[PDB]
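A.B. asks: Residue numbers (the authors' numbering), protein chains in the order written: chain X, 1 to 220; chain D, 1 to 44, 56 to 269; chain C, 1 to 44, 54 to 272; chain A, 1 to 44, 55 to 140, 144 to 268; chain B, 1 to 44, 56 to 141, 147 to 228, 236 to 268; chain K, 1 to 44.
Encoded as structure tokens, here's the structure I'll be asking about.
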Ligand SMILES: [Zn+2]
Ligand SMILES: [Zn+2]
Ligand SMILES: [Zn+2]
Ligand SMILES: [Zn+2]
Ligand SMILES: [Zn+2]
């Protein structure tokens, strides 16, 4: 990808096969789970839109999610084009106009255009915008691929609180909403949806207790 | 007991099998099998366990209980999904069959307070989740689907749903012959209960035995060893255990002290 | 005696069992069982197992149908809300599904001669005998069971919230923990033992026919060739008894092959 | 056969039991029971020929296992390297030990190779890639295999011997459900009953191809042609107008 | 006969089975089966008793086991002659079939430490010194089928496996026209059902019969004959001079 | 027997000859000719 040069001019770097192999194996292995969101951002640091498209097309199967992300990319590229004013005036040598909705996706733009945009001062964060677009697409894909809600989790009378809290936080991370609502639900549903003995224990502990205190008290 | 203790010890050292398996294979009381199992450093009641399942048919809920050792079936349709009716069925089956542990699966109606009170009154331990037996998981569902197959077949010749379901379960219990053995489920369950009664008679016979410290002598050695815990006395010999070793000695080479 | 007194008094305030049951089950001296029975304010025929007797009674304004086993005294009672032949047929098919009954003794009541009852008894192949029973012993057992069930229901009605629950608790305590006056064993144990010891002739005959259906190939001590399809009688660890043209022969297991020629 | 056919017909219209029960409880030939079942409108298995193959990883090595759909019988082996030759060898061995007609398996690389395709085409084995409820049974058997090989590894020096000992104990001395028997008794009973049923149906197929004409006590004229069902004891049992009758051989002719 | 000639030819070009095999499998008369066989240019005790032996073929050692009672065959080519692989094969065949006794010679491999340890661990009785005619006939028959299928044999192991498969399944045997697999299945099933029924009795039937001596137990009464067992000895007596209580 | 069934049936579909003629002309056993005749719907 775009790699900074030691007190020199940055040049294009070939993509290591290790990153592609690791990405495809981790994608095919477990699921479209939230843990793939950080992993992807670790495997695409400072990458051109062409590199992002190449990484995207390497996946095998599950083409429905590919269609979802392509449609979202198209709509958000249209939004970016409609919000960003169209550049006007002559284009001087060594500079390029603002990338189009198709250019940020990398479907039509070539590597030379990306290099020219990167070397332009100030640099255009086209790659970062496309990466965050892909992040949003993956977030909504994970939202679709969650076969459970947050309000339907129940704890068995003899079920330990450990896996109950584990699944509660798994569903909390699988659910996307504002942070305040997440705090409210993780403060209320945890006590409100437990076994009666630990429920009364938590009520005795009072509101605002740290989760370490409740997990130590519910033991037994 | 004709040198079967050594064979059981060798079999548990090479396999570490269930105590009841050794007891049945070598015709031994369960106590010696349990002590042999406990002797194993890496190791530490099938009748009376029932499994309950719920199904939907003709827009109505039907609850079916099935035994694990024999597979005896009971079924009933409930007008409305409430815990009171399930508790009533549980107490009726407790009052009709000897039930020791009721195993079920996850369910909102199974965790009701009424069924908990009903099972606490009867003294029956209830639980839900993975079946206790590591095998025969598919037996319950195969029997349920056989019942579902036969109820649709016998529905056309009946006037009511409940009568048809009960006739189908009666046919499955009595008028359906199996494979190995080839007899009714009632016959196998009554045989199991009879063998349970016989094993309880053996248990009370062992209860007749008590501390009864016994000293032993081996191979006519001049020394007397002991004390050793008495296990069984009969056929002119006495089988005892000591230091995780079980052995049988003739009576002429042993003494019993009150 | 190893904390058995407390558990015994708990199960007696919950069950009100007989003192023989307390002595046998919890391993306690008879004096403790007798004093536990006294402390409670609520306490003070060999034939074919196919014979059962069904009767109906009016208790507390409700109709109760009770079926009793003649050979053991086992009882099963239910509370029928509305007296109809349909519910009687329901109870009959329930008891037929749960037990291999073959003969039922009933009176000349309207619901006993219902079309549903006739259809059920014809379908299940159960003999029906209306009228007064010919055995006074069965009537005496009926009366004793009736008075005992009335007493236990009166004792246990305070604990239960409904009549059906009280009846079921009464039948549970009678069948499992209560010990009868003959032998001192529970009714359920007696009936299950009778059922276990009853199914012997049919299985014996079917096993005899099956063992006679087998085919055996055997050789003599000095004969290297095999013989014909000798019928099988008995199999042993090291010897087999077979028939070969009305001749009884005992052959060692080494020189005997047992086969069922499917073709 | 002493007027037990009418009783069997009545008890089959009542209970609708299996043909084996009808034959056993009244000493009837299998042909009579089969035709009674067929005549019933209510009434209308190749189980041993169905197997499932699964591969797992342990200690960095591949272990393959084939499991019967019914009775929970298993057979496992370790493999040095995962290619088509070892899979073909295992398939050929299992075909040489047991009769298999079809197999279900996943979409692995070794399953899609040409070697296994040729091996199964040689033996006429249907290969299906992809199972109503057998998944739970096979996964429970696999977990039992894992726990027993973990427990038995203490006294073993090589993984192959440990796997063989584990499958031996599982298939011989691990009593399961109804009857308290092992997988061997179940498999042998199933295959024996299947062989018996197939030979009985082949005998019926080769017997029924003959027509009959009989004389009765009220009409010297031969009537028919009825379907041949059974012959013996100087008589023939046949069926005409969906009614089963018996006629002495001296008053009957077969074509 | 319904298009059975074509499939009979297509299976004879595949396995080259015996005439009785395809005669019984496809329901064809024996005459046409014999004609099909001729038209091919390449063609013209106790359940626990098992016999294991070693054979040499083109610089290869092969361990071959055979069930004496049913004639079932198994074989495996051992690359380097050592007792460890013999023990491995023995434990594998034990895991695949119940064996209580093995008849071998005094060979070093058969008496090897690993083999002895495995057989003692499995509880299998050992008998040295050996019946042999049947083993030799099966050996030469399998050599004949190996020669028959060697034309399509890419490797020795596959050829041996296919020969075992065609011998055990694709060829009918003797009495009843049953293959080795059918015979072993039948004998195992009969043994299982007979032992089950034997364990069923002596739990219900327990009678004492006096003849001529002692309180013998009744074993079988009928057809004017009483067979009884006492002191581990079986005696048959006429219906007279025998009282059943 | 050497492909005689096919020629026998193809000529029987045109002429419907007696089983003896098929047996003699094509050298087939009488049972094959009889069952070939039986397979013909027109003949009996
Ligand atoms: Zn152990
Ligand atoms: Zn009391
Ligand atoms: Zn039917
Ligand atoms: Zn050939
Ligand atoms: Zn014609």
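No residue lacks a Cβ here, since even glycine has one placed at the ideal position from N, Cα and C.
Looking at the strands, I want to know which residues DSSP matches up with residue 256/A.
C.D. replies: In the fourth chain, the residue the question calls residue 256/A occupies position 243. Partner(s): 253/A.
A.B. asks: Buried or exposed: which applies to residue 122/A, given that a residue is buried once 16 or more other Cβ atoms fall within 10 Å of its Cβ?
C.D. replies: For the purposes of this step, residue 122/A is identified with residue 112 of the fourth chain, where counting begins at 1. With fewer than 16 other Cβ atoms within 10 Å, it is exposed.
A.B. asks: Would you please verify whether the beta carbon of residue 156/A is less than 8 Å from any beta carbon of chain C?
C.D. replies: On the fourth chain, residue 156/A is found 143 positions in, with the first residue counted as 1. Chain C, which has no Cβ nearer than 8 Å to the Cβ of residue 156/A, makes this no.
A.B. asks: Could you give the first and the last residue of the continuous alpha helix (DSSP H) run that contains residue 180/X?
C.D. replies: Translated into positions along the first chain, residue 180/X becomes position 180. That run of the alpha helix (DSSP H) goes 179-192.
A.B. asks: Residue 176/B by DSSP, collapsed to three states: which one?
C.D. replies: For the purposes of this step, residue 176/B is taken as residue 160 along the fifth chain, with counting starting at 1. Three-state result, residue 176/B: helix.
A.B. asks: Would residue 77/D and residue 62/D be called neighbours here (beta carbons separated by less than 8 Å)?
C.D. replies: For this step, residue 77/D is matched to residue 66 along the second chain. For this step, residue 62/D is matched to residue 51 along the second chain. The answer is yes: Cβ separation under 8 Å.
A.B. asks: Pull up the distance between the alpha-carbon of residue 260/B and that of residue 249/B, whole angstroms please.
C.D. replies: What you label residue 260/B is simply residue 237 of the fifth chain in a count that begins at 1. What you label residue 249/B is simply residue 226 of the fifth chain in a count that begins at 1. When rounded, the distance between both Cα atoms is 5 Å.
A.B. asks: Grab me the residues of residue 58/X's own chain with a C-beta within less than 8 Å of its C-beta, minus the 5 sequence neighbours each way, in chain order.
C.D. replies: The count along the first chain starts at 1 and reaches residue 58/X at position 58. So the list reads 20, 23, 24, once near-sequence residues are dropped.
A.B. asks: What residue range is occupied by the uninterrupted alpha helix (DSSP H) comprising residue 114/A?
C.D. replies: As a working note, residue 114/A is residue 104 in the fourth chain. Run containing residue 114/A: none in the alpha helix (DSSP H); it sits in the beta strand (DSSP E), 112-115.
A.B. asks: Specify, as a first and last residue, the run of the beta strand (DSSP E) that residue 67/D falls within.
C.D. replies: The count along the second chain starts at 1 and reaches residue 67/D at position 56. That run of the beta strand (DSSP E) goes 60-68.
A.B. asks: In the DSSP output, which residue or residues are listed as bridge partners for residue 71/B?
C.D. replies: In the fifth chain, counting from the first residue as 1, residue 71/B sits at position 60. DSSP output for residue 71/B lists 68/B as bridge partner(s).
A.B. asks: Taking any Cβ of chain B, which residues in the segment 259-271 of chain C have a Cβ under 9 Å from it, in chain order?
C.D. replies: Listed in sequence order: 259, 262, 263, 264, 265, 266, 267, 268, 269, 270, 271.
A.B. asks: Should residue 132/C be flagged as near chain A, meaning a C-beta pair shorter than 8 Å?
C.D. replies: For the purposes of this step, residue 132/C is taken as residue 123 along the third chain, with counting starting at 1. Residue 132/C counts as touching chain A.
A.B. asks: Taking only three categories from DSSP, how would you classify residue 127/D?
C.D. replies: Sequence index remark: in the second chain, residue 127/D carries index 116 (1-based). In the structure shown, residue 127/D sits in a helix (DSSP, three-state: H, G or I).
A.B. asks: What span of residues does the beta strand (DSSP E) with residue 88/B cover, start to end?
C.D. replies: Working through the fifth chain from its first residue, we reach residue 88/B at position 77. First-last of the beta strand (DSSP E) with residue 88/B: 84-89.
A.B. asks: Could you tell me which chain A residues have their CB closer than 9 Å to the CB of residue 30/B, listed as they occur along the chain?
C.D. replies: Taking the fifth chain and counting its residues from 1, the one referred to as residue 30/B is at position 30. Those within 9 Å of residue 30/B in chain A number zero; the least Cβ separation is about 14 Å.
A.B. asks: Using beta-carbon positions only, say whether residue 105/B and residue 135/B come within less than 8 Å of one another.
C.D. replies: Along the fifth chain, read from residue 1 onward, the residue named residue 105/B stands at position 94. Along the fifth chain, read from residue 1 onward, the residue named residue 135/B stands at position 124. Yes, the pair counts as a contact, with Cβ atoms nearer than the cut-off.
A.B. asks: Counting C-beta neighbours from all protein chains within 10 Å, is the total for residue 35/X 16 or more, i.e. buried, or is it exposed?
C.D. replies: Taking the first residue of the first chain as 1, we reach residue 35/X at position 35. Per the 10 Å Cβ criterion, exposed.
A.B. asks: State yes or no: is the C-beta of residue 165/B nearer than 7 Å to some heavy atom of ligand 4?
C.D. replies: Residue mapping note: residue 165/B aligns to position 149 of the fifth chain, counting from 1. No, since every heavy atom of ligand 4 falls outside the 7 Å radius drawn around the Cβ of residue 165/B.
A.B. asks: Whose C-alpha, out of 108/B, 87/B, 185/B, 126/B, is nearest the C-alpha of residue 11/B?
C.D. replies: As a first step, residue 11/B must be located in the fifth chain, where it is residue number 11. The option with the nearest alpha carbon to residue 11/B is 185/B.
A.B. asks: I want to see whether chain A comes within less than 8 Å of residue 5/D, judged by CB atoms only; does it?
C.D. replies: To locate residue 5/D, count along the second chain from 1; it is residue 5. Answer no: the Cβ-Cβ gap between residue 5/D and chain A never drops below 8 Å.
A.B. asks: So is the beta-carbon of residue 219/D under 7 Å away from any non-hydrogen atom of ligand 2?
C.D. replies: Locating residue 219/D in the second chain gives position 208, counting from the first residue. Checking every heavy atom of ligand 2 against the Cβ of residue 219/D, none is found closer than 7 Å.
A.B. asks: Taking Cβ positions only, does residue 192/D come closer than 8 Å to chain B?
C.D. replies: Here residue 192/D refers to the residue found at position 181 when the second chain is read from its first residue. It does; some Cβ of chain B falls within 8 Å.
A.B. asks: Does the distance between the C-beta of residue 42/B and the nearest non-hydrogen atom of ligand 4 fall short of 7 Å?
C.D. replies: Numbered from its first residue, the fifth chain carries residue 42/B at position 42. Yes, since a heavy atom of ligand 4 falls inside the 7 Å radius drawn around the Cβ of residue 42/B.
A.B. asks: Please identify the residue among 255/C, 247/C, 156/C, 257/C whose C-alpha is closest to the C-alpha of residue 56/B.
C.D. replies: Residue numbering aside, residue 56/B sits at position 45 when the fifth chain is read from its first letter. The option with the nearest alpha carbon to residue 56/B is 247/C.
A.B. asks: Report yes if the C-beta of residue 183/C is less than 7 Å from at least one heavy atom of ligand 2; otherwise report no.
C.D. replies: Stepping through the third chain from its first residue, residue 183/C is reached at position 174. No, the Cβ of residue 183/C stays beyond 7 Å of every heavy atom of ligand 2.
A.B. asks: Using a C-beta to C-beta distance shorter than 8 Å, which residues of chain B count as neighbours of residue 35/K?
C.D. replies: For this step, residue 35/K is matched to residue 35 along the sixth chain. Here the neighbours are 1.
A.B. asks: Just the Cα atoms here: how many angstroms apart are residue 180/X and residue 140/D?
C.D. replies: For the purposes of this step, residue 180/X is taken as the residue at position 180 of the first chain. For the purposes of this step, residue 140/D is taken as the residue at position 129 of the second chain. Their Cα atoms are separated by approximately 36 Å.
A.B. asks: For the segment 235-244 of chain C and the segment 216-226 of chain C, state whether three or more C-beta atom pairs, one from each stretch, are separated by less than 8 Å.
C.D. replies: With a cut-off of 8 Å, the segment 216-226 of chain C and the segment 235-244 of chain C count as touching, because enough Cβ pairs lie within range.
A.B. asks: Let me know the secondary structure DSSP gives residue 243/A once reduced to three states.
C.D. replies: Indexing the fourth chain from 1 puts residue 243/A at position 230. Strand at residue 243/A.
A.B. asks: Helix, strand or coil: which one does DSSP assign to residue 140/C?
C.D. replies: The residue given as residue 140/C occupies position 131 in the third chain. Reduced to three states, the DSSP call for residue 140/C is coil.
A.B. asks: Does the distance from the C-beta atom of residue 71/C to that of residue 172/C stay below 8 Å?
C.D. replies: For the purposes of this step, residue 71/C is taken as the residue at position 62 of the third chain. For the purposes of this step, residue 172/C is taken as the residue at position 163 of the third chain. Yes, they are a contact pair.
A.B. asks: Which residues in chain C sit within 8 Å of residue 204/A, going by Cβ to Cβ distance?
C.D. replies: Taking the fourth chain and counting its residues from 1, one reaches residue 204/A at position 191. Ordered by position in chain C, no residue passes the 8 Å Cβ test against residue 204/A, which lies about 12 Å from the chain.
A.B. asks: In chain order, what residues of the segment 65-95 of chain D put their CB closer than 9 Å to some CB of chain A?
C.D. replies: The segment 65-95 of chain D vs chain A, Cβ under 9 Å: 79, 80, 81, 82.
A.B. asks: Does residue 151/X pass the burial test, meaning 16 or more other C-beta atoms within 10 Å, or should it be called exposed?
C.D. replies: What you label residue 151/X is simply residue 151 of the first chain in a count that begins at 1. Under this definition residue 151/X is an exposed residue.
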